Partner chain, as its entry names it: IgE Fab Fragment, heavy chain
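One chain comes next, on its own, written out as structure tokens in the form solved without the partner chain.
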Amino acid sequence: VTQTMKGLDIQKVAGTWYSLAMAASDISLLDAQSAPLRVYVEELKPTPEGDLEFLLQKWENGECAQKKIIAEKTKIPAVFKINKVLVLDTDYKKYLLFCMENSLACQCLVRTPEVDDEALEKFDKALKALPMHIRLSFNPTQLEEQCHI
């Protein structure tokens, strides 16, 4: 992943998000509820030091676990270290596109638990240069359920 967001203002990504769609380089990264990169972003909280706190849900040992993880800033405003987190694009008010790279998985986040045509079209365009072998998308009912069940 090289195409990261120019001019990111991380403070404007604060608040609630919903994982609408995800894609990964390897089927095993996303295929099961327990798959390693099957994670649902529920909130982003930029820190006073310019780090990025993720609140996510992840299926572990038969429960939907909530995790709070700090992604530490790097010299590239759009790149953090949790894996590298790369923010490809956001309009702050509607969508955010990011990837996790070690293996590669990318997500389309939306501000409201609804399908957004613009967000998904931009996600598809961003994935054209990336060697993805699994793509998932979630319905509005799933977005509001613990671990998108």
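Positions refer to the first chain, counted from 1.
There is another form of this protein, the form deposited with the partner chain bound, and it is not shown here; the text below is about that form.
J.: Within a 4.5 Å heavy atom cut-off, is residue 114 in contact with the partner chain in the bound PDB entry?
T.: Residue 114: contacts the partner chain in the bound PDB entry.
J.: Taking 4.5 angstroms as the cut-off for heavy atoms, does residue 8 touch the partner chain in the bound PDB entry?
T.: Although the partner chain is absent here, residue 8 would stay clear of it in the bound PDB entry, with no heavy atoms inside 4.5 Å.
J.: Does the partner chain get within 4.5 angstroms of any non-hydrogen atom of residue 43 in the bound PDB entry?
T.: Looking in the bound PDB entry, residue contacts with the partner chain include residue 43, since a heavy atom lies within 4.5 Å.
J.: At a 4.5 angstroms cut-off on non-hydrogen atoms, which residues of 9-36 are near the partner chain in the bound PDB entry? List them in order.
T.: Those in contact are 16, 17, 18.
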